[PDB]
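# Coordinates in review
Read off the chains here:
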Amino acid sequence: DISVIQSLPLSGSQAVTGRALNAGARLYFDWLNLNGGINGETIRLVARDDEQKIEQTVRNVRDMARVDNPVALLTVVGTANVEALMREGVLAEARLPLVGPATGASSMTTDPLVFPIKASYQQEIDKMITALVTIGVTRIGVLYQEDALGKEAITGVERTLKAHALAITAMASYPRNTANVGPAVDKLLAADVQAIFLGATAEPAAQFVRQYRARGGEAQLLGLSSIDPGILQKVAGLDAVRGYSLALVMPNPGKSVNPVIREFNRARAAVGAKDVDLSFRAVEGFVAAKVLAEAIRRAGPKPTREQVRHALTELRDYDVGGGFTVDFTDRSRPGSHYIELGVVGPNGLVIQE
Ligand SMILES: CC(C)C[C@H](N)C(=O)O
Ligand SMILES: [Mg+2]
Ligand SMILES: [Mn+2]
Ligand code: NI
Ligand code: NI
């Protein structure tokens, strides 16, 4: 078989996110296999829980790269986790391409073996923050994770605001791999802010939103694509989440007619993956897997790690469906140039524009 590996959080604070990315990728490959696989070959996806622990991501990838004979690695979660794989030379040692890292950090476009797909965090921040400034907002607060993710958020928001002669009004942090946002909620509730940007992961974002609103917080809420709006409204409650602003960097699960969403639903039914729920992060995994599959297909029979890498670097506007194209020929930017703003409607529907 042709093997592909994944190291992500299947337990712990980030379990919801890791499970979704794995579910989407597994769904796509099971679907591909039901349809004949790739050039008559079966694709095997091997996953391993890293609990989003940086050192465990490193160990997992190195171990799997040696034992599972993979041609590529898919959707690793955590800016700090991926940066460790790059910094410690794990990918270089295995000559293993990382397709679709589940983070839009700016560093994702600085490694020959890393192939970011979705529009970056900076693109998200520029679009969302500029929209706020354009409508008159001048007082912005920021919730940030106390690690590389938070640094990306603060630096990014500060950069965009500086372009408009503005600066962050208040900021508060929380520990990575936890949802301990109590102190942050206290601080931002006291701040005289009109909007609060969430540079956080799913669980802490949800806890912050629920608590902030429950205690009288009225600021407009918005955040990075690291926060699935579907999960957010489920955990924090629609009463606190309706109105939440976001940047769409993947096909919207809410648009059932979108070709990628239609394929996801057809795949789910055909495979009989009752345990898999349609969500933004699951779609991200599905999309990453499909992009990798196309590269494997182009690599030819019994493809090697080198051939797959080569194929990836030559994908020029490959359409995953509905116009969501990926171009890896320019390594200085994300494969996808797609990005639009969206909002969570009164009843929870994610609407574009
Ligand atoms: C930037 C990362 C730390 C965020 C993480 N990859 C997530 O999707 O939750
Ligand atoms: Mg992300
Ligand atoms: Mn189809
Ligand atoms: Ni070539
Ligand atoms: Ni386009």
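Its PDB record attributes the structure to X-ray crystallography, giving the resolution as 1.55 Å.

### A short note on the side chain of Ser-13
As for its position among the elements, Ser-13 is in the loop between β1 (2-8) and α1 (15-34). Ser-13 gets classed as buried once you look at its relative accessible area, which sits at 13%. Of the polar contacts made by the side chain of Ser-13, one reaches the side chain of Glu-203; its length is 2.5 Å. What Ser-13 contacts, discounting residues up to four positions off in sequence, is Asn-177, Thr-178, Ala-179, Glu-203 and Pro-204.

### A few points about the nonpolar core
Most often, soluble globular proteins have nonpolar side chains that are buried together. Ranked by internal contacts, the top residues of the largest apolar core, which has 99 residues, are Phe-29, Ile-129, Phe-197 and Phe-208. Take this core: its biggest share by element is 13 residues, from helix α12 (residues 280-299). Counting the residues that make up this core, at least three belong to each of domain 1 (1-120 + 251-340) and domain 2 (121-249 + 341-353). Setting aside residues up to four positions removed in sequence, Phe-208 forms contacts with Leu-143, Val-181, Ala-184, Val-185, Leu-188, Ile-196 and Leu-198. Judged by nonpolar contacts, the second largest core, of 21 residues, contains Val-46, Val-58, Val-82 and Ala-84.

### Brief notes about the environment of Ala-20
Considering the arrangement of structural elements, one finds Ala-20 in helix α1. Put simply, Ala-20 and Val-283 are 263 residues apart on the chain and 8.4 Å apart in space, counted from C-alpha to C-alpha. Look past the residues within four positions of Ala-20 in its chain and what remains in contact with it is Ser-279, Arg-281 and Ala-282.

### Structural notes on the pairing of strand β9 (residues 220-223)
Taken together, the four bridges between strand β8 (residues 195-199) and β9 define a ladder with parallel strand orientation. For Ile-196, the partnering residue across the bridge sits in β9 and is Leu-221.

### A few points about the site of ligand 1
Within the structure, ligand 1 sits among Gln-14, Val-77, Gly-78, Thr-79, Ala-102, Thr-103, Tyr-121, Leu-149, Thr-201, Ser-226 and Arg-281. Note that an oxygen atom of ligand 1 is positioned 2.8 Å from one of the side-chain N or O atoms of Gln-14. Separating a nitrogen atom of ligand 1 from a backbone N or O atom of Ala-102 is a distance of 2.7 Å. When the free accessible area of ligand 1 is taken as 290 Å², the share hidden by the protein chains comes to 100%.

### Quick look at the pattern of salt bridges
Note that side chains of opposite charge can pair when their charged atoms are close. The final tally for this structure, using the stated rule, is 18 salt bridges. Note that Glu-284 and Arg-281 form a salt bridge whose closest N and O atoms lie 2.7 Å from each other. With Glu-284 and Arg-281 both in helix α12, this residue pair falls three residues apart, about one helical turn. Owing to a relative accessible area of 5%, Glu-284 belongs among the buried residues under this scheme. Judged by relative accessible area, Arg-281 falls into the buried class, the value being 2%. Between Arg-333 and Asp-330 there is a salt bridge; the shortest N-O distance is 3.7 Å. Using a relative accessible area of 53% as the deciding quantity, one classes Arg-333 as exposed. According to the relative accessible area criterion, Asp-330 is partly exposed, its value standing at 29%. One connected set of salt bridges, linked through shared partners, spans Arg-62, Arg-66 and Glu-93.

### Re α12
With 20 residues, α12 should cover 28 Å at 1.5 Å per step; its first-to-last C-alpha distance of 29 Å lies within 8% of that length. Buried residues dominate α12, accounting for 18 of its 20 residues. Directly after α12, the chain includes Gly-300, whose backbone phi takes a positive value near 90°.

### Quick word on the environment of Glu-83
In this structure, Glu-83 sits in helix α3 (residues 79-87). With relative accessibility at 12%, the residue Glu-83 sits in the buried group. The sequence separation of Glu-83 and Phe-29 amounts to 54 residues, and the corresponding C-alpha distance is 27 Å. A distance of 2.7 Å separates the side chain of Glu-83 from the side chain of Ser-107, its partner in a polar contact.

### Some points on the sheet that holds strand β3 (residues 70-74)
An order of β2-β1-β3-β4-β5 is seen for the five strands of this open sheet, with the pairing classed as parallel. The open sheet is flanked by β2 (43-49) and β5 (114-115), the only strands paired with a single partner. With two bridges joining them, β3 and strand β4 (residues 98-99) adopt parallel strand pairing. Residue pairing for β4: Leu-74 is matched across the bridge by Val-99. Across the face of the sheet, α1 comes into contact with β1, β2 and β3 while running at roughly 165° to β2.

Conventions and cut-offs
- Residues numbered from 1 in each chain as written, not as in the entry; some residues may be left out.
- Chains lettered and ligands numbered in written order.
- Heavy atoms only, no water.
- Helix = DSSP H or I, 4+ residues; strand = E, 2+ residues; numbered from the N terminus.
- Buried < 20%, exposed > 50% of the residue type's maximum accessible area, 1.4 Å probe, protein only.
- Polar contact = N/O pair within 3.5 Å; in protein donor to acceptor, adjacent residues only side chain to side chain.
- Contact = heavy atoms within 4.5 Å.
- Core = buried A, V, L, I, M, F, W, Y, C linked by side-chain atoms within 4.5 Å.
- Domains from an automatic or database assignment.
- Pairing = 2+ DSSP bridges.
- Near = heavy atom within 4 Å.
- Areas by Shrake-Rupley, 256 points an atom, 1.4 Å probe, with all protein chains shown as cover.
- Salt bridge = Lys/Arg side-chain N within 4 Å of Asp/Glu carboxyl O.
- Expected span 1.5 Å × (residues − 1).
- Axes fitted to C-alpha atoms, helices over the stretch in contact; angles between N-to-C directions.

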